[PDB]
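Keeping their order, the protein sequence lines are chains A, B and C.
Count along the first sequence starting at 1, add 4, and that's the number in the UniProt record's numbering.
Take the second sequence: its letters are residues 5 to 280, 283 to 580, 592 to 624, 630 to 640, 653 to 666, numbered as in the UniProt record's numbering.
Count along the third sequence starting at 1, add 3, and that's the number in the UniProt record's numbering.
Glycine included, every Cβ here is placed at the ideal spot set by N, Cα and C.
Contents: one structure, followed by commentary.
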Amino acid sequence: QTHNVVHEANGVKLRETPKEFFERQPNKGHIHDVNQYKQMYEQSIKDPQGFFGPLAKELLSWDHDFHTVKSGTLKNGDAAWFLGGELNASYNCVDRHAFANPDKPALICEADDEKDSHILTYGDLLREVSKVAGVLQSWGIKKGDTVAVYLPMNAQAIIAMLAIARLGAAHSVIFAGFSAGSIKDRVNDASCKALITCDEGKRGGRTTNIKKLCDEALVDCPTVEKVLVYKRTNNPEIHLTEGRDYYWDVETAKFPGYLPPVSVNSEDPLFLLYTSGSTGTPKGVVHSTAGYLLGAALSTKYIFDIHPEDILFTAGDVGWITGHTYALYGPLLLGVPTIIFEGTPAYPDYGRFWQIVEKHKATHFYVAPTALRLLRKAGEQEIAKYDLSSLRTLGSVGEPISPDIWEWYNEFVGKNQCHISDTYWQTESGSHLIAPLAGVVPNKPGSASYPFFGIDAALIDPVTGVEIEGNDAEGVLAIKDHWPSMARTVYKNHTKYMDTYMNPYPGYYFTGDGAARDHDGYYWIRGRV
Amino acid sequence: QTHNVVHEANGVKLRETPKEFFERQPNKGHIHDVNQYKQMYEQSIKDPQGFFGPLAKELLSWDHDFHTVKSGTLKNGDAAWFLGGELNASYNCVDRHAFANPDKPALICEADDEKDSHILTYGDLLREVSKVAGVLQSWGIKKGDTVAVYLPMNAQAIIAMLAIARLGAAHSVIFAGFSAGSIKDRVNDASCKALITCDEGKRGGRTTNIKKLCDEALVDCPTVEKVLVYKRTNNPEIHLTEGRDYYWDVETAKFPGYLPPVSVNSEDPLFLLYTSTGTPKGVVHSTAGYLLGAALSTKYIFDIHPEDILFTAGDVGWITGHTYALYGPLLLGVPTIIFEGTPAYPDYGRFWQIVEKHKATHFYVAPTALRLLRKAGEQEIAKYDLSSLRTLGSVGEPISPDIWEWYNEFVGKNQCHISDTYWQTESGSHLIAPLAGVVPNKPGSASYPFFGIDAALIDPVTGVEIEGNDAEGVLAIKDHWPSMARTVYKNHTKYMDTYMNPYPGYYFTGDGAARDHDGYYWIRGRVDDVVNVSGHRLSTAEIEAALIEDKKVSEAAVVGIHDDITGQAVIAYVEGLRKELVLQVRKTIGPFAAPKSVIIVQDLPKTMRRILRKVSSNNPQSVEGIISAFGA
Amino acid sequence: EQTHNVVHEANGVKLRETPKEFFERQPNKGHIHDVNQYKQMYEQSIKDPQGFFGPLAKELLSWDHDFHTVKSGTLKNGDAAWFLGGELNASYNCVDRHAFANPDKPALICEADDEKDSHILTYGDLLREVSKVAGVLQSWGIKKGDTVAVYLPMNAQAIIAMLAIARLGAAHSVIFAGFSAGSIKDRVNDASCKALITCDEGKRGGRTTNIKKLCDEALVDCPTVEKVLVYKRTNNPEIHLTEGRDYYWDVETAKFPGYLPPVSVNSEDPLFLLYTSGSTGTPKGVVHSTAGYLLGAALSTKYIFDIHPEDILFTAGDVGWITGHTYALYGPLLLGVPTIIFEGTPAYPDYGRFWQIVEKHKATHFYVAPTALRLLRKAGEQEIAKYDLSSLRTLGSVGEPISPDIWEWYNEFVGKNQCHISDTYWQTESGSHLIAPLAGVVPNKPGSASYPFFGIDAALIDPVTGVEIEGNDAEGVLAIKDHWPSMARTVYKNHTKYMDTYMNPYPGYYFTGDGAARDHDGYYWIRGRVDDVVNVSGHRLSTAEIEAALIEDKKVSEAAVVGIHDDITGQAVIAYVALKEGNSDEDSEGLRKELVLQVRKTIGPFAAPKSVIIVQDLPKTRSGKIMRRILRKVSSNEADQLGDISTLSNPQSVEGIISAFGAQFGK
Ligand SMILES: Nc1ncnc2c1ncn2[C@@H]1O[C@H](COP(=O)(O)OC2CC2)[C@@H](O)[C@H]1O
Ligand SMILES: Nc1ncnc2c1ncn2[C@@H]1O[C@H](COP(=O)(O)OC2CC2)[C@@H](O)[C@H]1O
Ligand SMILES: Nc1ncnc2c1ncn2[C@@H]1O[C@H](COP(=O)(O)OC2CC2)[C@@H](O)[C@H]1O
Ligand code: NA
Ligand code: NA
């Protein structure tokens, strides 16, 4: 009953999902109980072919069928999924839903100031993505190119990512807060042929110099032929360099509201996302197309319990993986609306998140514990002003969630009527690795619980390098086989990838984190090592 | 029986298809009668998916299947057909027929002088297209490029077009009678990477300077990297620029007679065709939808069977040659007669001599040529055996009842069906036409709208559809159709403003028409160019006249431009006098007819409102003034 | 009849049935039941190519897109095409599919010049290395429609380079590692290659060969080559790499992952260029398509050699030549079996090396040229008894005639009279076997290639009348009456040369350049080239190219090169040279050596003349053109038979020619 190693697990009562979760659920859940989850999970570990093939055919639309579900090993860094298949990410995120229901909302955009907020339908999104992709195509962007994005969290960032993917090019999103030198490093490592940005940004009421930093960086980025500049503030004193910089509205007005998507192979790169590592300069994590999209759709459907009637609010930023997988690809693949918030949880007041959740009857909310701490400190009383009865799944990501913060989140935001998903994962995993499925897995505050489909998690003794048998254990967290959404390389530097992830413990994927596993199989993340 | 509006139709007896038509028809007709036509037409309007899906699979060969038959709306300018599909135009016009019957004639080429005439089979055409496509491929031409063609109406023009389409590039054919400036404008707007032309041309016995005008134009066309030059006259004095120009024969001899075609998407551009009042605009046509329209209209309106032979006396420099000298007939796998010369050379019987020589079953020509031959060569017609013909088409302009009767009697001997085909460059293929052997004729009427064409008459003042027959108004189309043009090259806003925004929810043909008690349409010609300001349609000419009535005004020019709020805005070029002129227009025309702004200028273009249009959107010397005052 | 009045080779020749031990060692039921089934299937392959080759193409190749038409075009119009509309990838069919099925199965059994450096790559290993090299090439801009040169010895890196280039839809052009810098230059420039794959140095017979050095020398004049990939075969640090152009195989492949998607190409997109010598002077890049070439390779390897999944093939060839292309690489790898890639010579460390390798790996199939058989019979017979060769059942011979005596020697000393011998007739332009005895099916006549293969409708044409010869006991020009899947499709950027060489000499036919005879049983007997092409030790040479090389020496005024029989190399090249101002018989030996070295450095060591004859002038017609017929007749000791020479402008010269050949051919 007691734990000698996993001290966090002693005297922790399981927390079943509240009845109101199932009352607010629009349809029968996707999994009935934990026993069915464990059957499906064991099948996903022992027979990835027969588990993931059918799901890949169910959740994604293919332009060419695949012939092999899974190939490669971790030790050889040659992982591949759905080999021979062809598809397009923008077709799966936009076109098919637009044909099905063009007036269904897609991007619920909340601007830094609410007066500028708007809503794009899937039909709208198809037209705007097509026009921007037509601009990029006229400029010579084609499959195999990279295109940089330097935009805030708003419709233009989503449209730019989808338009780049529509051509089979790989987008490289650069968080709008980066310095000119960070922009330069990333652009040059990726050899981007084009950049998409805006003139200025609005954050918490303040105006941010965006094009200015781009211009500073581009003096050292010779590969950038053309820049597309959105008029976010329309400030006339913002310089565009003749022959390089063009306005978003002016160029998109020249092209039609439909452009054919370009088919890419399952293993063609979908994007580069640059991350800081423990050794040296930024490294470009490369994600494939089919595997990443399947992981995004699968984790969004099963871990958050997303249905067609639902509305996801991922309070993240597309500059990071969270916005990639769960503000954009995850929800759009499933054809539900997603809320794109440009501002901050404090402007105009600390009720912004909640005013938004009420306004759009959001059903899912996904945020990092940092924001939870900020709102507990400075804006608790605001929560009661707004109706949050539409929610049933509350997500937490990025860092450990202390039991204190977990209980506060559960009571004040969830009104003790929602399910909480502590999702553990990382930029290189593509999608959730360990997380409690909504309406299925009972919670232990501070614990991410069970590994997800295709994630064969294990603990390794660092001193010896040997895998640790049995529960009530602690050690380095690692995965014993690759999974569909695993990152495939570091751009033009596969040796760094091998040394970072595959070579510390040959045969395993090294997460860089230490964790504990208790007598129930629940995992407790203990941070970086 | 009487018409109070459609005066053309009063006292007009229907003209049934003559029995000789069905005697000469090689097989059972494709449609039995008008009732079957109407059932099929109603399905093509109410259920485009169930009507055009099966036809697209029947008439075209696909590399990848389509998942959606029809997408988009006119209002949003995002029409698309057969989404997800892949195909190749040259495979559908050449390869499949060559594999089925390589010795069947494809291009029956009649040169300016008959001594130079020849016939290419489908196998011959496959080899020549493959070799030219190999030359272009070795030069770097690929999907997404544009390639200019400046060639007379002969085998090399057809081969060039098909070879460019074989690589998935888009051809832009430039009528060989165009000047150097016209070549330059079109090549630069399209940013063509290569050009295919010839040294000189032969027309009416005269030698025309083709390569010379090309050089003149190319001095200012930096995107053209290479030129392929056919030796039409083999004149040794014709200079080739080293490193840029290469000979057709020399380069094609280096490559094999088969080259794989490149699959393109249904909505990838097949061609740009530049149109000749203001600035030339590149009408862009898709691949799958355009080809389907070409095949469908050629088959059903002309009644084309595998045994038939089509003579379209047009020029690939224009949409008629594109669609009914090349794509339509070759798609159906029949021979097409490509005539390089004039109706008068060596004499005024040449058209009829060609029909007799090749036993053509179908003849398609513009009323302009019919009038010329009636005036100068009538007696020549009877000198030739024209009994192989059963379908006589007319295109491009109204055919008066009198010219229709002359055509019917002197060419058709009262034994052929006449198809007065109404359509335009932007429609891709026939919009309103009497189906051969099916629809009875009223001379001068185009008769019924074609498959997928939901035609209507619109009140020009209110934009509201006119219900019932015995009516007149603006001819408009209520939904897009497979072969509708998709954009204006790199200028989609001009496309929207020209076709979709004047009457939102409709396609604007620019023509007026009348509809009689039988549902037959009578084309009435161009309308008067209204500008749409927040739903009020204004006449630039009326505003100019009203401004001119003011005796202190010397000259007035009124133009329209795009406006994100009011759709269009009106700018007049001519502090207190400006207000006086605006009030003058308000009290002469109406309160809402006032220009958005009156700009007092001392100069205006003529040497031409086009300059004013471009100026308002941010004697050559005069130009400066226009700009200066607009800066005011 | 039983007697032959024309095909003398066939008189008194007893058929040689397949020995029973062949069937004892055969691992499964044969692919063909007996010779009658072979004849039924062959007739279908001629009368109904669509119904015969469609199903086989669907069985043996994996398609990304199905084909809609099996066969198109005619020889006369030079527009042959097969499996139109199809899409596939050669590296997927040679690697990926087998790696997915059995990643640990051996693929490349690599025997290095020194056995200590030997190793084995599995299909999984091969997939990873091919993917990495393809990743390097892709990052350099190589894409479908480009050509990439390979200048590598016969080892794993050559195979990997070829497959990596094909993985991107680019066409490889392999340049035999015995070529000089000028030959590399000619081929690289005619193809406009964007990149080159080579190595620092080579190992042959224990000697170190200069590979990268010759590449640098040639590349000074190859402006289209943007980047070079260099494998460290010896890792000699003194080997210079040019900054900005040359990069190391290991360094660059370490940057990319072990899987890269293959690029789908059309059946008729070019798979490779192989530069071949003819009666011209300039090498011609023979172009092979993808689907048809691969189908021919798989089909001939499977049916003529009787290859099964359990078998192991040792083709003692070099990828620098078509034999290595088709039967060391594409054929076996398509069929998913291991192939032995031998970097060395038959003589090093001793003359048992071939048999040591066969025994080491229990090879079931061995494929070699008669030149090597003659060498081993002369110098290494005593080695054979040291080795267990009982794993073998199919012994192939390629590239040149196999005399009845050599056939018997091969049959007895290597096969122990228990193996089937496959004398395979074919050529670079045919892609795969044209006439050959199917192992276990066709009985042999020693010296005869036997029956034409599937899709090969062979004929004999009267050299006087140009008319096809009906009936048997006949002789004439060997021609083929319709194209076949693996037929070469063009000469790179010179289709007119292709037409003039192969399709126009005998309209409606393919001209092989060979003469042949057909006996009363329908067996074909190859009689050798009719077009004066010379084959020295399996290498096709251009007498005109050798003449040009000799003339480059400014001491030479005129040069005429001819071919003759040679007991060692099959044919030998004899060069006749007239000098400007020479004389002095003491300088003769030295100047002859100088000219031989000139040829060695212009073309390559293997193109050196057997002998250089210094004469005072060459025989010429009234029009001033050299009459090589006289030099041929003299060089074969047939001075009698020269006949009336009063038609020459300089009949007096003939005497000298004869005397000179008598004095100098020996010494
Ligand atoms: N639920 C969690 N509980 C405890 N720790 C967590 C949790 N989620 C993330 N982490 C830490 O963040 C890194 C990933 O950061 P990254 O920005 O790459 O991806 C971010 C996640 C989008 C992990 O390696 C780990 O140390
Ligand atoms: N049967 C017809 N009866 C009366 N008028 C006609 C008819 N066909 C065309 N037109 C006029 O020509 C324009 C199109 O010209 P375009 O050169 O683009 O297309 C050329 C015709 C292929 C129409 O809008 C219209 O005004
Ligand atoms: N079994 C054989 N019996 C007699 N002669 C043969 C045989 N195989 C080839 N040849 C001669 O080689 C030329 C082609 O040589 P190539 O190097 O192109 O291809 C060689 C095959 C690799 C043939 O035209 C012919 O003259
Ligand atoms: Na494809
Ligand atoms: Na496909």
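- Between the C-alpha atoms of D149 of chain A and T504 of chain A there is a straight-line separation of about 26 Å.
- Taking the Cα of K108 of chain A as reference, the smallest distance to any Cα among A:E118, A:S94, A:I123 is reached at A:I123.
- At a cut-off of 8 Å between beta-carbon atoms, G261 of chain C makes contact with chain A.
- Using a C-beta cut-off of 8 Å, the segment 92-112 of chain C makes contact with the segment 339-354 of chain C, since at least three inter-stretch Cβ pairs fall below that distance.
- The closest heavy atom of ligand 3 lies 7 Å or more from the beta carbon of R170 of chain C.
- If you ignore the 5 residues before and after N213 of chain B, its C-beta comes within less than 7 Å of the C-beta of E204, all in its own chain and listed in chain order.
- Residue contact with chain B for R190 of chain C: absent (no Cβ-Cβ distance below 8 Å to any residue of chain B).
- In this chain, the alpha helix (DSSP H) harbouring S142 of chain C covers 126-142.
- Considering only A:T367, A:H364, A:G479, the residue with the shortest C-alpha distance to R532 of chain A is A:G479.
- For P404 of chain B, the CB falls within less than 7 Å of some heavy atom of ligand 2.
- Residues of the segment 239-266 of chain C with a Cβ closer than 7 Å to any Cβ of chain A, in chain order: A257, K258, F259, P260, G261, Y262, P264.
- When secondary structure is reduced to three states using DSSP, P22 of chain C falls in the coil class, being assigned neither helix nor strand.
- For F103 of chain B, the chain C residues whose Cβ falls inside 7 Å of its Cβ are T72, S75, in order along the chain.
- Residue burial annotation: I242 of chain C is buried, with at least 16 other C-beta atoms found within 10 angstroms of its C-beta.
- The C-alpha of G284 of chain C is placed about 13 Å away from the C-alpha of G185 of chain C.
- As the crow flies, the alpha-carbon of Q29 of chain C is around 46 Å from that of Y509 of chain A.
- Counting only heavy atoms of ligand 5, the residues whose C-beta sits closer than 6 Å to one of them are, along the chain, A:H68, B:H68, C:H68.
- For a cut-off of 8 Å, the C-beta gap from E4 of chain C to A520 of chain C is around 15 Å, too long to register as a contact.
- By the neighbour-count criterion, in which 16 or more other beta carbons inside 10 Å mark a residue as buried, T6 of chain C falls on the exposed side.
- Taking 8 Å as the upper bound for CB-CB distance, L171 of chain B and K147 of chain B are in contact here, some 7 Å apart.
- By the Cβ-count criterion, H36 of chain B is exposed, with fewer than 16 other Cβ atoms from all chains shown falling within 10 Å of its own Cβ.
- Nearest C-alpha to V268 of chain B among B:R380, B:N239, B:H68, B:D99: B:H68.
- The three-state secondary structure of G185 of chain A, taken from DSSP, is helix.
- Under the 8 Å criterion on CB atoms, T515 of chain A is classed as non-interfacial with respect to chain C.
- Look at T427 of chain B: its C-beta is not under 8 Å from any C-beta on chain A.
- Legend: CB atoms of the segment 480-505 of chain A lying less than 8 Å from CB atoms of chain B are not found in any residue.
- A distance below 7 Å between beta-carbons, with the five flanking residues on each side excluded, links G525 of chain A to the following residues of its chain, in chain order: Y454, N475.
- In the structure shown, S662 of chain B adopts helical secondary structure according to DSSP, grouped into three states.
- Interface annotation, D82 of chain C: in contact with chain B, CB-CB separation under 8 Å.
- Not one beta carbon of chain C lies nearer than 8 Å to the beta carbon of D314 of chain A.
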